[PDB]
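Structural overview for review
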Number of protein chains: 2
Amino acid sequence: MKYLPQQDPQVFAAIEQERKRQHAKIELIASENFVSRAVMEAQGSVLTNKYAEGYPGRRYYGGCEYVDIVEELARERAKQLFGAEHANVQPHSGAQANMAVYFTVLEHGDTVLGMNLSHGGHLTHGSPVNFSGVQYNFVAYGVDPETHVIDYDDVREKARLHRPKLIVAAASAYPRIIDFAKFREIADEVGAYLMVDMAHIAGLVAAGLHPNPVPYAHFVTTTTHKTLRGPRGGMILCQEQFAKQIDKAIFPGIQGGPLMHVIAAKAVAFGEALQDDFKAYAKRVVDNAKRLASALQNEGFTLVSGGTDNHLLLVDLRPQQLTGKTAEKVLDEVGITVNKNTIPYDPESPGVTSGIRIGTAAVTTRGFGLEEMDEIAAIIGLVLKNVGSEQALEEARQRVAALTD
Amino acid sequence: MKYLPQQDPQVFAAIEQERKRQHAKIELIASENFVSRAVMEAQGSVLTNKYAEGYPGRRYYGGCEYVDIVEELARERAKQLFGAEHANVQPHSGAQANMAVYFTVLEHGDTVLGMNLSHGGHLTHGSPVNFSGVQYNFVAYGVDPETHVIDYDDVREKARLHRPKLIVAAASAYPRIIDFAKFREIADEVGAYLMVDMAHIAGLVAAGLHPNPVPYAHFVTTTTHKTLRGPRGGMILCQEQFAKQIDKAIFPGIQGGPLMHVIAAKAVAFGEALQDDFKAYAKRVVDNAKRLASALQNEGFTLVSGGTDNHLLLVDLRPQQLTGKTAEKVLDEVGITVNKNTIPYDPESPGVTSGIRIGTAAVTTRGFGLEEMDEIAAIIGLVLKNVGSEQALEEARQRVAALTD
Ligand SMILES: *Cc1c(COP(=O)(O)O)cnc(C)c1O
Ligand SMILES: *Cc1c(COP(=O)(O)O)cnc(C)c1O
């Protein structure tokens, strides 16, 4: 940076602390990643100056010839990446992507069936303090109490009983592959639309390491950040038949002017994801997650569903007589960043929890491999088995520092 | 830029075209501006990597110590700038700022009273194709057919007849000062909340050149871009008594993770607006608008309301037997960027219109002054009085080039 340090020392000092923090800590929060310098440069461009309400070649304002090129690059690359017939790259966030799909197919008070929020469903899949649960009548399907895999017979039963207009599949804390074919079969049986929210797994889908929801879902929503490793924002994919309605839902439906600079950054990220090296990266993400899961089990930890098929895992801390909140706090003391997370059938409140959620996307981006996964698991073992020993915590601290340099 | 040119030649080439376009054209679209290099650097920072759902000191995830500093700088600077008791700097856009306020105080189907969309009201103030007009029952007040000033007796009558829960004041195409005291008096009479959407005029309010809605409104919404000259995004201001509800409306109500890098950019912009030179800038904006209005009248143009109190003006093109669409198109041919705009009581559709809207914020940022306003008016006169003369259009083209260099 050149101009910010002189113009705003306060903001610059804080950004610099954050930058240094990102390097020093071991980031295991499953939603986190580190974007490329190219992605950041795109977001820091003069495209923030341009109003471009509407769509490429169909804008309200003149002078959009070049931002049109940018948006089309984003849409076309997204379509090639996911094999979708239509992309809308304007959503400000994953929340707004979902909001737009809901706005497209639902009326106020319509019934929607989504994943139980305590079992892995997202806030925007029917929380009573979120617009989704306030605006629509959400009902929930669960995972099996033993296997922790989605109970597809429960999905089916809930769908048949409640007759939802929309079924939502996808999760923010589900460590196994989701069967989109079964979701579509159930949707078809009850005459419901299927929406898949692939935000967490989008990078894996792009790399062919998780089944693609595009052929099975009427609508696919996602964040551009997370495993896809893009700028912070949202996206909707759908077949040509819903394109006009989806576009109208985003604008003039729920948003105003799009963030053209962020859309440029989206194009950059999609360009990156189309490359062979991203496929290699995504495989290392999944490989690292399996390795970390196995190494954690070696330490004596119990994992929700007994492991992982993707980038994330959930530790059930009940055997160690620890809450997620306690584990989160002590790991923070040694420089390991996790979040407490409700586990399926958690006896604890969302404010306390019986679990921690862990993902490998961020550490993989930093170049961590299998050996580092073993060490991370060993450090977590050292910490959580010795929460009362400042000796042990200092050793963990030094071992964390050794990993990040 | 260093990394984008090598990583993504396609995106870079398009950005470079846009950058060059921004320099070459005379930007008169009233919503447009040019942000500082410091603001852009902040948006292009590593803060995009951080999930920070919640609020400073009350986040869901750990590691937010530094982004907390950034958000607090934004909130505190906003409060000093506007004399507000509370700020929420998380809204992704002006649309989302409004969405959040609506979500806070209204239930589905509640009546809201806003400015007639054909008279200057915004899309998000009740368009039947926008969430506002779909989710809530919007009724409208108008401007006087002759003076084109808001008819406060009409505001009052509509409020008393329809009994709205919420009254919205503020506009995207109103060239005169809005009387927030009268709006609050009417709101008080009918027991309605008052929301002021100051997006267009926020920079002028900050500089003390338009009366401040903060003391009169329960809620003030705004874009951080436009006259305030910040990054693309939104903000809500309110008294302490609504702070908790407003914060909850933004998250977990309507959004997910905030854009921390954009929030950094917001802090930077607010820092800039607090400086004496921004006050001088904003005065030049208003001075330039008056000068341009006067010079356009000298050319024989009729202006809606007979002039301007702010950064923007509306040309009523009926005396020249031109539509807004025609004027917009021909001005585009010579390098002057305006938008067609419905005028009050327009006999034409929104797709055609009888007016063009013009604002001086962008050209003022470029350093244009009174002499340039005279020349801009003269060029517009030359063009619109000679739409059929390629000679005249080429002369205009050369005169536009002379202004931008
Ligand atoms: C992260 C996420 C979201 C929300 O994205 P934001 O950008 O935080 O609004 C929605 N759905 C799922 C499944 C997610 O993982
Ligand atoms: C520009 C504007 C908006 C919308 O802002 P976006 O950032 O485009 O969503 C809302 N209200 C008013 C009065 C505006 O001027």
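What counts, and where the lines are drawn
Residues numbered from 1 in each chain as written, not as in the entry; some residues may be left out. Chains lettered and ligands numbered in written order. Heavy atoms only, no water. Helix = DSSP H or I, 4+ residues; strand = E, 2+ residues; numbered from the N terminus. Rg over C-alpha atoms; globule rule 2.2 N^0.38 Å. Buried < 20%, exposed > 50% of the residue type's maximum accessible area, 1.4 Å probe, protein only. Contact = heavy atoms within 4.5 Å. Areas by Shrake-Rupley, 256 points an atom, 1.4 Å probe, with all protein chains shown as cover. Near = heavy atom within 4 Å. Polar contact = N/O pair within 3.5 Å; in protein donor to acceptor, adjacent residues only side chain to side chain. Nonpolar A, V, L, I, M, F, W, Y, C, P; charged D, E, K, R; others polar. Axes fitted to C-alpha atoms, helices over the stretch in contact; angles between N-to-C directions. Parallel < 35°, antiparallel > 145°, perpendicular 65-115°, else oblique. Left-handed = near helix turned anticlockwise from the far one by under 90°. Pairing = 2+ DSSP bridges. Salt bridge = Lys/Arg side-chain N within 4 Å of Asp/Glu carboxyl O. Buried area = accessible area lost by both parts, 1.4 Å probe. Patch = residues over 30% accessible without salt bridge, like charges linked within 9 Å, V, L, I, M, F, W, Y side chains within 5 Å. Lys, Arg positive; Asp, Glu negative; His and termini not counted. Charge placed at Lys NZ, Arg CZ, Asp CG, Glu CD.

In the PDB archive, X-ray crystallography is given as the structure determination method for this entry, at a resolution of 1.70 Å.

Before going further, it helps to spend a moment on the overall build of chain A. Check the secondary structure of chain A and you find 16 helices and 15 strands. Whereas a compact globule of 405 residues would reach a radius of gyration of roughly 22 Å, chain A reaches 22 Å, a difference of no more than 12%. Principal-axis analysis of the C-alpha atoms gives chain A an extent of 65 × 60 × 40 Å. The buried share of chain A, taken over its 405 residues, is 65%. Sequence separation of 24 or more characterises 71% of the internal contacts of chain A that already satisfy a separation of 6 or more. Surface summary for chain A: the accessible area is close to 14000 Å², and the carbon and sulfur share equals 47%.

As a further point, take the site of ligand 2. Contacts to ligand 2 come from 16 residues, most closely from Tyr-51 and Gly-257 of chain A together with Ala-95, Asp-197 and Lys-226 of chain B. Between ligand 2 and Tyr-51 of chain A, the relevant distance is 2.6 Å, taken from an oxygen atom to a side-chain nitrogen or oxygen of the residue. A distance of 2.5 Å separates a nitrogen atom of ligand 2 from a polar atom in the side chain of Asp-197 of chain B. A total of 390 Å² of accessible area belongs to ligand 2 in isolation, and the protein chains cover 98% of it. When residues of the shell around ligand 2 are assigned to their parent elements, the largest contribution, 3 residues, is made by helix 5 (residues 94-105) of chain B. The residue makeup of the shell around ligand 2, split by class, is 4 nonpolar, 10 polar and 2 charged.

The relative placement of two packed helices is expressed as an angle between their axes plus a distance between the axes. All names here are of chain A. At a minimum axis distance of 10 Å, the contact between helix 7 (residues 152-162) and helix 8 (residues 180-190) shows a crossing angle of 20°. When the interaxial angle is binned, helix 7 and helix 8 end up roughly parallel. Crossing angle aside, the handedness with which helix 7 passes helix 8 is right-handed. For the pair formed by helix 7 and helix 8, the contact residues are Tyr-152, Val-155, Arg-156, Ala-159 and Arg-160 on the first element and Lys-182, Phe-183, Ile-186, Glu-189 and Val-190 on the second.

Looking now at the pairing of strand 15 (residues 355-359) of chain A. Regular strands place side chains that alternate from one sheet face to the opposite one. Residue and element names in this part refer to chain A. Burial of strand 15 is extensive: 5 of the 5 residues sit out of reach of the surface. Every second residue of strand 15 is oriented toward a common face, with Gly-355, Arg-357 and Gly-359 on one face and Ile-356 and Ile-358 on the other, all of them buried. Sheet topology places strand 12 (residues 312-316) next to strand 15; 5 bridges connect them, and they run antiparallel. Of the residues in strand 15, the one forming a bridge with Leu-314 is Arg-357. Examined bridge by bridge, strand 14 (residues 339-341) and strand 15 share 3 bridges and lie antiparallel to one another.

This part is about the pattern of salt bridges. The tally for this structure, following the rule as stated, stands at 48 salt bridges over all chains. In this structure, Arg-318 of chain A engages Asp-316 of chain A in a salt bridge whose closest nitrogen and oxygen atoms are separated by 2.9 Å. Residue class for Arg-318 of chain A comes out partly exposed when judged on its relative accessible area of 39%. Among the charged side chains, a salt-bridge network with shared partners connects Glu-32 and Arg-232 of chain A together with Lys-50 of chain B.

Take the side chain of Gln-96 of chain B next. With respect to the helices and strands, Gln-96 of chain B occurs in helix 5. Looking at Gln-96 of chain B, the relative accessible area reads 0%, which means it is buried. The contacts of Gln-96 of chain B, once residues within four sequence positions are left out, are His-92, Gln-96, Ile-254 and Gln-255 of chain A together with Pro-91, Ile-250, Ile-254 and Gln-255 of chain B.

Of the positions making up helix 13 (residues 324-334) of chain B, those classed as buried are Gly-324, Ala-327, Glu-328, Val-330, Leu-331 and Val-334 of chain B. Looking one or two residues past helix 13 of chain B, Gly-335 of chain B carries a phi angle of roughly 95°, positive in sign.

This brings us to the interface of chain A and chain B. How big an interface is tends to be stated in terms of the accessible area lost upon association of its parts. Tallying the contact residues gives 81 residues for chain A and 81 residues for chain B. Together chain A and chain B conceal approximately 7300 Å² of surface at their shared face, both sides included; 58% is due to carbon and sulfur atoms. Across the contact surface, chain A and chain B share 4 salt bridges. Between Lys-50 of chain B and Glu-32 of chain A there is a salt bridge whose closest N-O contact spans 4.0 Å. Connecting chain A to chain B are 41 residue pairs in polar contact. With 9 residues, helix 2 (residues 9-24) of chain A is the single largest residue contributor to the side of chain A that touches chain B.

Residues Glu-65 of chain A together with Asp-332, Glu-333 and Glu-390 of chain B make up a contiguous surface patch of negative charge. Secondary-structure assignment places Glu-333 of chain B in helix 13.

Our next topic: the sheet that holds strand 10 (residues 234-238) of chain B. In a beta sheet, neighbouring strands pair by backbone hydrogen bonds and run either parallel or antiparallel. Residue and element names in this part refer to chain B. Read from one edge to the other, the open sheet built from 7 strands follows the order 4-10-9-8-7-5-6, with strand pairing classed as mixed. Across the chains shown, the open sheet's two edge strands, defined by having one partner strand only, are strand 4 (86-88) and strand 6 (137-141). On average, adjacent strands in this sheet sit at an angle of 20° to one another, irrespective of strand direction. Taken together, the 2 bridges between strand 5 (residues 111-115) and strand 7 (residues 166-169) define a ladder with parallel strand orientation. Bridge pairing in strand 7 links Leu-113 to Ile-167. Across the face of the sheet, helix 10 (residues 240-254) comes into contact with strand 4, strand 8 (193-197), strand 9 (219-223) and strand 10 while running at roughly 150° to strand 10.

Turning our attention to the packing of helix 15 (residues 370-384) of chain A against helix 16 (residues 390-404) of chain A. All names here are of chain A. Contact pair helix 15 / helix 16: the axes reach a minimum separation of 9 Å and the direction vectors enclose 165°. Comparing their axes, helix 16 and helix 15 come out roughly antiparallel. The element helix 15 and its partner helix 16 pack so that their crossing is left-handed. On helix 16, the residues touching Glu-372, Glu-375, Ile-376, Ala-378, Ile-379, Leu-382 and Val-383 of helix 15 are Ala-392, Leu-393, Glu-395, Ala-396, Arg-399, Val-400 and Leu-403. Partitioned by chemical class, the residues of the contact of helix 15 with helix 16 number 10 nonpolar, no polar and 4 charged.

Here the focus is the site of ligand 1. Taken together, 16 residues form the shell around ligand 1, and within it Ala-95, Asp-197 and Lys-226 of chain A together with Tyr-51 and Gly-257 of chain B come nearest. More than one chain lines the surroundings of ligand 1; the residues nearby belong to chains A and B. In the environment of ligand 1, an oxygen atom lies 3.1 Å from a nitrogen or oxygen atom belonging to the backbone of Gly-94 of chain A. Isolated, ligand 1 exposes 390 Å² of accessible area, and the fraction of that covered by the protein chains is 99%. By residue number, the principal contributor to the shell around ligand 1 is helix 5 (residues 94-105) of chain A, which donates 3 residues. Of the residues assigned to the shell around ligand 1, the class counts are 4 nonpolar, 10 polar and 2 charged.

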